[PDB]
Structure formats: structure tokens, C-alpha cells
Amino acid sequence: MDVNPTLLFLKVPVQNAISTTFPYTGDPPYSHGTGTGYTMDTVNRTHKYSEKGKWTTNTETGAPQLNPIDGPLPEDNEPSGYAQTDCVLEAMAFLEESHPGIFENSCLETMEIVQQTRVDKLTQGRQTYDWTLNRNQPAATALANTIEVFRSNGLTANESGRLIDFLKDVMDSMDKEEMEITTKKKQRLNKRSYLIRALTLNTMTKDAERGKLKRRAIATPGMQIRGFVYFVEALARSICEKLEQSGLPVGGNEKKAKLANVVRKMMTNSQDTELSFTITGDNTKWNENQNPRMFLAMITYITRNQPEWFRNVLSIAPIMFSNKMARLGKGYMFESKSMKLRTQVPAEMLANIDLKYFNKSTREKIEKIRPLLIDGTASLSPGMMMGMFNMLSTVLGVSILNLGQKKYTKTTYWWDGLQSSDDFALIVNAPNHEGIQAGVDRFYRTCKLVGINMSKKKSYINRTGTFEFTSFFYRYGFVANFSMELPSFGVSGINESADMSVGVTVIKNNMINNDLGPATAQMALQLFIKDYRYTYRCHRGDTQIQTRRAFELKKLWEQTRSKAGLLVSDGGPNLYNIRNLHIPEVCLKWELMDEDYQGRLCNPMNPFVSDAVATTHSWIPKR
Amino acid sequence: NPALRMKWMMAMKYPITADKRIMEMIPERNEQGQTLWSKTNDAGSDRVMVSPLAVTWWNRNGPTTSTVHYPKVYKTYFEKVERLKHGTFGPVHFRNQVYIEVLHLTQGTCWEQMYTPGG
Amino acid sequence: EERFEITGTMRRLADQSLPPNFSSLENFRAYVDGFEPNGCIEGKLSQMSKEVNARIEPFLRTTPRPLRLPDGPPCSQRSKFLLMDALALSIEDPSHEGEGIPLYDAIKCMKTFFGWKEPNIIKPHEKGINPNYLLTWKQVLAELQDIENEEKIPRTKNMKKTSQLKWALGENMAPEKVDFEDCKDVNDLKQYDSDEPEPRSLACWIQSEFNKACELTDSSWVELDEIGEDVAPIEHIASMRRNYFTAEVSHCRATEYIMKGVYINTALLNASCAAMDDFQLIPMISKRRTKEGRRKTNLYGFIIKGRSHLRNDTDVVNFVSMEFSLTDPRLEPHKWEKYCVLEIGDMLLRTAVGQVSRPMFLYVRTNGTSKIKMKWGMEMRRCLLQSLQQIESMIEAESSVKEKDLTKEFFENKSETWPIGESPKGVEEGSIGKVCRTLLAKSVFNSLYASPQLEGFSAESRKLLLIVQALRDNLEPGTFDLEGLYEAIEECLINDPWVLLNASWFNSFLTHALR
RNA sequence: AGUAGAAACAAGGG
RNA sequence: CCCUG
Ligand SMILES: [Mg+2]
């Protein structure tokens, strides 16, 4: 006999045992070296799909730019970026018609949030790009540096503490003739240098990613674009909240409801002689085909009949994104085997350097990208490198989905489905197979007219009843969720009392959201208990394990009358269970402690002190 | 990673930091001779280094004070345990899919548990 | 009230962010304001060519074909420690110490063997200097004996920086770091070699490894804590499931692998982070409980760890590992490409045939590891967790169809056997316990042999699995482009033996499913 | 030598 | 010899 878990599918359907196809117990892949190669490859590919556009020279920054909008229609099945303005505007108009009043309400809510917001929101975020030090810094430090540098020159319009005032200061600084920065040392940058710095993205390789063989490059913006992007995302979220087909920004409790709702809507109304089919598929090169000019057109159409200031503040972001620059990155590394040397070549020298060092592929990339470099960075006008517009693209996809109603199709077949950024699922109803094919072709062609490309390698069609959507596996009404990786239930490492509550809350939250089963929850609780006991050395009182604290724990255990009231930190028993994962420990056993023991435990004059309950165990460890 | 950092920190002799009056309440040596605190002072402050054996000694040997107030201030937490203790459970029903607080135990992926709180 | 005016520079920037044949931002806004839709999409679709379409290719029982595997020399073992060939020297420690010094345990375990002899090399390492390994082994023995002649017994033994340890731990192999200005005029200056892995073909040893990983032992390798009393019926069912699984899976070998790896990685990480500039010695120790409930401590071998000046999460630390065993290396030599094997002793075993004098070999190998690999290997226990979920999920699914729990119908029924293996006479069916052991073994091996190729293969084969399942469900499947999927699946089978084994499993399942 | 895989580690500065 | 992981 030769064991073979795959053969297990011969009895139980695949969707019932899909968890066996996720290898999420090893270390995820990482990247060693620089992300310059990936960045150059991404830039070249982004410029490849729009080769038949209009080339121009920028008057302010001086770098070449490419504009494929309204270009020649596509001919073959290769990815395309020529999005037609008329088609996009028509799709937006029809989406507005189908849901009257959506844009007005979204604009009102966005205006309210713009009025109310505050600068402090910029502090919460990932590692941003700091242009004062030309590096990557946490949001708070970068914001502090930028505000200090702004105040060095005369700029005091953001003292009111409103984000819009900060944006006004940024815009005014853009028009300043010279910018001075402190390093003690000082430096001056003219208009062009500061402008190029303000329109720069920092690129690096993405680490710890599953489901892919080869690495990828992702980008992060500066500080002058964050606020406008935040406003645009607020507007997009407000619009998406009112859409039934949008898969964002919901959690994991109603997504199954959404799937069942769509299936029942597209099945129940069907007669007894109507064919229904389901397509599950992805979108290819989603981020490298969305032109910021189309986003500007969409934002202009959305905000019709509005105050001028609102239109300007909302439409600034596409303008900046359409004139962005990409930093090549760390550079390359050279090795001399004959003389045993190693050296580093910074990216700044890639523009002017002999190509005898590099191999074929790197030399070709350098040659292709050379005409674009300016001041050590590459112009990237077309495409969205990192896709911070995660919700406007969803709105566009949902508009295309809506475009397939029975009214607009004007034919026997019809369709509808679900969309979430890159992923989508479709259901097509028609009386024959010819109708099914016609509907599929119409959807594909209409999608191509806007710049949305469907992946033919990761997509398949079958009879409706079973499908998949963002790792939610639907089969005859039963939906399984596998879109989240199981964490390690260990000790956080703060205190004896913080760790208990933190771990119990982690288990409870995983049980609630990510659909953790009961038995797995009990086993996780047992493993965490073992780890906690072996970390803090607070073993049981009757256990015969020898440790530094053994004597004190045994004496305390012997003193007490009711052994069930002792905390797990004092060698007590374990009382937690599934029904108790919400009660804090001290309040869980309060009616089971001794008078003197519970008097000493919560002593307010103890020297150690000065969801959780203050006790003798809340101490501060040494640095 | 803080987890391994504390794993290593707990292996030392005196990983905890306390004030200076601790020396007046708990003794320097156990009933078996184990040390509980050291004369060395913390860097940047007047604190002193203390070992978890001091925490256990205080818990099992230290002044006692009435804790009548604790249930009053933490009334919300105690109400939850009272309601859980006095509640009544029911049969499990496997079917297709004051109450919200226990939501993690009543509902499930494909099962339902009958629950009425005892308050 | 609100005043946000676009200035000159911003106006000049925005005048160039519009579609073509538009002059200024005001003109674009005016055009968008007065836009009314009429026959735009229909026209553009009319002008399009007919080559832009999505034809559906039918899927039938004769359509799919087996995957293609690479060719080359057979794959070789690439784990941090031996799995099937391991042997341990065992003693008893009735004084339950929570965490004692492992060096003394190692010495006490060593002192129970009275069959040492003069080592020699029988299976050499082709690309390395063999005598250095032998010198390293003799040096470790000499240091262990030197431990006796000391005023005070130490807790850790730092090996002397000898020539053989300098070579084995790759000392002074990094080139010198200079700037680009000085060494620009050199004939052999280029960038590093960015090539692809060299392909290898599947071998038969990994199947045997997996088979032996799914077997039972005569000891207990896991001990878990307690939980509260079960009052709700849901808790009763949960406890029943958990207890049945734990009973069926606690005597498996995969648990031994989990504990062994956890201990080794924990020791390595602590040693690397504590003693940065010393050549530390770290033994391999594990704890078990016999069938009678009597504790035992096993020793597997030794490792020596070199300089550990690690900065990032991918910096490498080298070490040298020596392990005991009884597997004759001259039976599957291609499995031991990177090992140097010495015959160090003569053991004697006792069985039905009486007493047999077997030889005792030592496997010596130079390896390396990063900080992230060690961090992710200290938490192999989660494998257990994962396995449980899998089993439980099945029942949950099987319950929803019939609206009734089937835990007892799954575990205690002593029937309803699952097809889990393959045999020449046909498919083989096993009980639930075999299924639990199989899933635990699969999870453990997924943790042991992690690599990006495995992730790619799994992600790209899931879709083919689902398509085949839909075909078996007579739902009339159809693919827009099937060959691209096969290319994406096959692009990830290069080097890993685990991925090649998974591909072979997929081929066998595909053959059996469409029959 | 070894880890590893499209670019790096196999210690760096004074 | 010092500092840094
Ligand atoms: Mg999908």
C-alpha cells in the first residue's frame, strides 16, 4: 500500500475537503537583494500595453509622457490599455440611471467628512516615503519632518489643524520658487527638483506572499499625495456601500449571504426551460491597465453640479497620479571572482554606465528604459503601479456588470454577478447554448472597451450551482471560507496578566470572524496554555516539575482552602472553555478565591504596580 | 519579535523592576535561602531589580486589605458571569444557516445552539 | 466659507492630464457636464473586429492529460535532520526537571554505549574535503572527554577555532567589500549569477518516507493540558471530536518529527542570538513517555554553530551536523549526495532471531539556515491544529446535507472506510484513524519541505481539481484556455521532491477518477 | 564547501 | 582597542 491523500477525493467531493490543498504551515517566500529589476520590468511592461498612444513632453518636470486614451481599438486577445472615454462615460451614466440619487448622496457624505476631518489621520498608516531625508519612514515621523520643513519656510496655513489647510500649504509650496531644507547643514532645491521629489514613488520587492512562484514589486507614495487619495477613497467607499454587487468593504459574515442571494436571484425566476451557467475567473494585469485619466473622467462625472472647491480637491489626486515618477530602487551588486571583490552600484549611475557588466535580460531592460530616466527616476504616466485606488476600480467593474441588465442587452440572454477589485464571478441565463456563447462574448467585448481584461488561463465556466469567489467555495448552498491564514496562538510578551486576556481574545475573535471550529478552538486553547505556563514558569501546584518558582507555588497551593480560585499565574487550574472565552480571568474566579488570598492579590499598595483587571501581576519588565 | 524576547528575559534572575520601599516589606531571602531582590539600581532611575519569586511571596505572604469595592466598580464584568451561571442551555440543531454578547457560542457555521440568558 | 483655487503651477500640470484632442481643464469639464449617452458602446462594438471573442472549449472525459515531470539526476534528501534513518540513545530521568542543562543529558546518554570503535569514511562527499569531517568528529569526542578534567563543570562548550572547523563552517569565504571607483578596470567584473534551478527527476525514497511517517509507535510524543468541564452539548460534541482525534494521532511518528524539529530550531535560535562570535556545540535531545507511562530522554546527534553575525531576516548562519543511524548508505546513494557517512560503531539488537550484531553509521553534513526559517520552525505544533480542522470540516460539511451531526457515524462506526492509498490489486481503503494520521503527516511534510514551488503548484492545480470535480458532477464544464493552465502548473516542477511527489499523486488520482 | 534562487548570505565601519 | 546586528 502507498498512502495517497489525493485519492481521498474519490469519495468526498473536492469542495468538502478543499482545506487539504493549502500549504500554510511553512515559511512564506522572501526576496534577497534589490527590487530594481522588478521595478524596471514593471515600467517596461506598463509602457508595452500602450505602445500606440500619444507621446508628449512635460513643461514643468520635463519628462516624456505617454497617453493611450481614445487610441485605436484592440484587435487581438492580448492585454490592452486603450480605454474609450465615450464608453466609460456611458457606463457611468447608465449606472447612475439604474440607482437614482447615489452620486448626490455620496457627494454630500464626502463633503461632510472633508469638512470634519483632521490632520491626525495622516499619522495612521504604513511606512510612507519621506522626501526630506529621501528614504522610507513611519507616517508620524515623515509627517513631523514635512511640517517642520514647511514651517522653516514661511508656511503657516495648516496651524488650524484641518487636513484641507495642510493640502493648501502643500499646493502653495509647490508654487514656491526655492525650497530650503535642514540637514548642522542646509540645502536648497529649485522648482524642478522639489516638484520631481513631490511626485515620486518608492518601490521595493514584496515579501511573505503566498500562491506565486516569482516575486513582485510594490510602490508607496510620498506625503503630498496621501490626503487627496484619502478623500478619493472616502468618496469611493461611500459610493460602493450602496451597491449590491460590490464585494467591498464587507467582512466575512454577509459574503455567504451575498453569494446565496445572487444564485437564488439568477435561479428562482428562471423558468423550466432556461439554461444557466456560471463563470469563475480573474482579471489579468489589473493594475497595469487603469489610466488615471479615466479616473479623472469618472470623478468629473460623479461630482457634477457641485461646489468648485469640492471638485478641485477631489480631482487633484488623479492629476498628481498621472504625472508620477518611480524610484528605481537600491541598485545592483557586482562581483569579481578572479580577484574576490564585491561592490555596489547605486541606481543613480544606471543612466550613464557601460552595459558590458550586465547579462542579456538586464542589459535589454536598461536599454529599453533609458529614454525615460530623468534625475535618477523613471516617468510612469500610464497605469497604476500599486493600485491605491482599490475601490474606484470596483465601481467601474460593477458598472460594467450592471450594464448587462435585460433592458440594455435587448436580447434573450442576460447576466449578473459579483465583483471585488481583481476578482469577479458571473452568471449567464439564456435559452440555448448559442445564447450562452453570445452573452459571454458580449461581456468580454464590452469589458475590453474600458480597459478591463479577463484572464483566460484562470477562468472556467460550468453549470450554475457550484462556484468560487475570493476563496469562498459555494456548493449547493454550502459555503466554506478559506481566505485567512491561521495565526500562531502564543504569548504576546507583555505581562503575566495581559497575555492571558490577549490570547483568549485572539481565540474568540478567530472563532467569530474566520469561522474557527469548536474542537480546533479547544486545541488552540490547550496549546496556548502550555506555552504560557512554559514561558512564565507558573506550572500547576501539584505537578512535580522542578523550577525556580516551584517552592513558592507549592507553598501557596498548600496554604489555600479552595484550589479552584488560584490564578493560572499562581499555579491554579484551568477553567476557561468555549462559553467562557469572554470573561476576564480575575472576574471569572472572583467567587472562588479565599478572603486573604484575594485581599493580597489585588493589594493597591503593592510595590509591583506603582480587557484586563489590575492585580499584583501587572508589572513593568526591564528594557 | 517580543515573544522570544520575553522568553529570554524571564530566564534571567531579576527581570522585573520595582520601587525602593519593597525592601521594607518583603525579605531578601526566602525560607529556603532563595534571593528575591538585589541591591543594584536601574539605569536612568532609582528603581531596583526584582524577581517573580517576590511576586509569589507577596501573594502568599503580605498585607491583607478588604476588596468589597472591586465588584462595585467592575459591575459590568460580574453581571456577565452571573448571567452565564444562571442561564439555561438546549439541544443542538444542525441546519443550514444579551444574546450578541455570547454570539460566539450560540451560532456557528452550520449548527445552532439554543440559549436563553438567566437574566 | 470654502475656498480651494488651483494655482498657476497646478493649472499647468492639470492642463496635461486630459484625454487627447482636449485643450484645457475647463473645456474637459464643460464637455463632461453636457454629455448625454447615445449609441456609443453599440457603435464601438460594431467597429471592433471579430477576433475579440471568448469561445468555450468543451471538457470531456478524454480531454485532460497527465502532467509532465522534469528529467535529470534523481532528487536528494534536503532536510535539516534525518527522519526515517534516525537512531537515538535513550536514558531515564525520574527527577522531572522543567528545563535542565542539555549538555549533561548528552554526556549521560553517551556514557550508556560501550561499542565505539575507530571511525572511517565509507560514503564520501564528492565536492568537499572528507578528512575534515572525520577530524571534527574526533575533536568533538576529545572535547567531551576534556570536560572531565576541569575544576568546575561548565554549562556550554565552545569549540576551539580549529582549521577543520574554519573550513567546515565556511570561514573567510566572503569577498572583500570595496567601492566602485577603485576596481572599475577589471576583466572579470559583472553582477551575480541570476540563473534558474537545475531540474531533477523523482526518486522512490520520498514515498517510503511518507509511508513510514503515517505509522504508529510505542511511545507518546505529545502531552496537552486540561480545559474546563463541558456543560453545553456543543462542548460535549467538541470534546468528543477532539479526544477521538488526539487518541488516534498521539502515537504517530509525525509528532516525533514535530517535537524534534521544534527543539532543534529553538536551541539553534537561542545559541545564535546569545553567543554571536563563538563556535557553539548544541546536542539534539527529545523527551518521550513509554507505553508504561515511564519517561525517557533520547539523543540523536550533535551540531556545531559558527559565527552568527546576522543582520536581516535572510542572512545565513552555517553549521555542521552529525547524526547516528543504522541505514547502510550504499543502498540508495543518490539520496545522500550532500552527506559524508562514517561507520563509527557496532550495536547489537535483540529480537525473535536472537541477538544480531549490526553496524552503526554516522552521517555528517554542512548546512545553513536563516533567522526566518528558524523562527517559523519553532512553531511546528500548529500542524496538529491544521490537521484537526481538516477532519472536522469534513464532518461539518457532511452534516449540513443531512441536518444532523455524524461524529459517531464517522469515528465509532468501525465502518465507512475511505479510499486513502493505492495497491497493485486496486485502491486501498482505511479507517478514520489512518485518515487522521495521513493528514497529520501531510501537514508536517508541508512544513518540513516549504518552498515557493509548492505554493505555485498548489495554487495552479486547485483549479484543475475543481474542473475535474465539476466534470464528475455532470455539470458540462468548459475552459476558455486550458493549455495555459497546464503550462502554469508544470512551470513549478523543477527541484523539490515533495512537489514532484504531489504531482505524481495528482496523476494517479486523475487516472482513477475518470475511470 | 554550504544556504538559496532571477539576487543575495558566506560579517561591516572607524 | 571601540562601536553596530
Ligand atoms: Mg476568483
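Basis of the calculations
- Residues numbered from 1 in each chain as written, not as in the entry; some residues may be left out.
- Chains lettered and ligands numbered in written order.
- Part of a larger assembly, values for the part shown.
- Heavy atoms only, no water.
- Residues with missing side-chain atoms left out of burial classes, pairs and counts.
- Helix = DSSP H or I, 4+ residues; strand = E, 2+ residues; numbered from the N terminus.
- Buried < 20%, exposed > 50% of the residue type's maximum accessible area, 1.4 Å probe, protein only.
- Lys, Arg positive; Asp, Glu negative; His and termini not counted.
- Salt bridge = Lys/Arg side-chain N within 4 Å of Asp/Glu carboxyl O.
- Contact = heavy atoms within 4.5 Å.
- Buried area = accessible area lost by both parts, 1.4 Å probe.
- Polar contact = N/O pair within 3.5 Å; in protein donor to acceptor, adjacent residues only side chain to side chain.
- Near = heavy atom within 4 Å.
- Nonpolar A, V, L, I, M, F, W, Y, C, P; charged D, E, K, R; others polar.
- Pairing = 2+ DSSP bridges.
- Axes fitted to C-alpha atoms, helices over the stretch in contact; angles between N-to-C directions.

If you check the header, you'll see the entry was determined by cryo-EM and the resolution is listed as 3.3 Å.

Draft legend 1. Local environment of the side chain of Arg29 of chain C. Mapped onto the secondary structure, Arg29 of chain C falls in helix α2 (residues 25-33). Nearest to the buried, unbridged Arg29 of chain C among oppositely charged side chains is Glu308 of chain A, at 4.6 Å. Residues contacting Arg29 of chain C, with those up to four places away along its chain left out, are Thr300, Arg311, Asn312 and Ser315 of chain A.

Draft legend 2. Spotlight on the interface of chain C and chain A. Each partner contributes to the interface: chain C provides 144 residues, whereas chain A provides 161 residues. The contact between chain C and chain A buries some 15,600 Å² in all, and 61% of this surface belongs to carbon and sulfur atoms. Interface area lost by chain C to chain A is led by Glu2, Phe4 and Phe480 of chain C, which between them contribute 6%. Inspection of the region where chain C meets chain A yields 14 salt bridges. Ionic pairing is found between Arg475 of chain A and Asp473 of chain C, a salt bridge with its closest N-O pair at 3.3 Å. For the pair chain C and chain A, the number of links is 53 residue pairs in polar contact.

Draft legend 3. Structural context of the protein's contact with RNA strand D. Residues in close proximity to RNA strand D total 32 residues, the closest being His32 of chain A together with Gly170, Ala174, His309 and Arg365 of chain C. Counted by atom, the contact set of RNA strand D within 4 Å of the protein is 63% sugar and phosphate. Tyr192 of chain C is positioned with one of its side-chain polar atoms (N or O) 3.2 Å from a phosphate oxygen of RNA strand D. The separation between a phosphate oxygen of RNA strand D and a polar side-chain atom of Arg365 of chain C is 2.6 Å. Breaking the surface near RNA strand D down by element, the ones donating at least two residues are β12 (331-336) of chain A together with β12 (354-369) of chain C. If one sorts the elements of the surface near RNA strand D by residue count, β12 of chain C sits on top with four residues. Here the residues of the surface near RNA strand D sort into nine nonpolar, 13 polar and 10 charged.

Draft legend 4. Just the sheet that holds strand β2 (residues 37-41) of chain B, in detail. All names here are of chain B. With antiparallel pairing, the three strands of this open sheet are ordered in space as β1-β3-β2. Strands at the two margins of the open sheet, each flanked by one partner only, are β1 (16-18) and β2. Going across the sheet, the axis of each strand differs from the next one's by a mean of 40 degrees, ignoring polarity.

Draft legend 5. Focus on the pairing of strand β10 (residues 275-281) of chain A. All names here are of chain A. Extensive coverage of β10 is indicated by the burial of seven of its seven residues. In β10, alternate side chains face the same way, and those of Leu275, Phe277, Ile279 and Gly281 on one face and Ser276, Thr278 and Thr280 on the other are all buried. Both β10 and strand β18 (residues 460-463) contribute to a ladder of four bridges, which runs antiparallel. Residue pairing for β18: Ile279 is matched across the bridge by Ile461.

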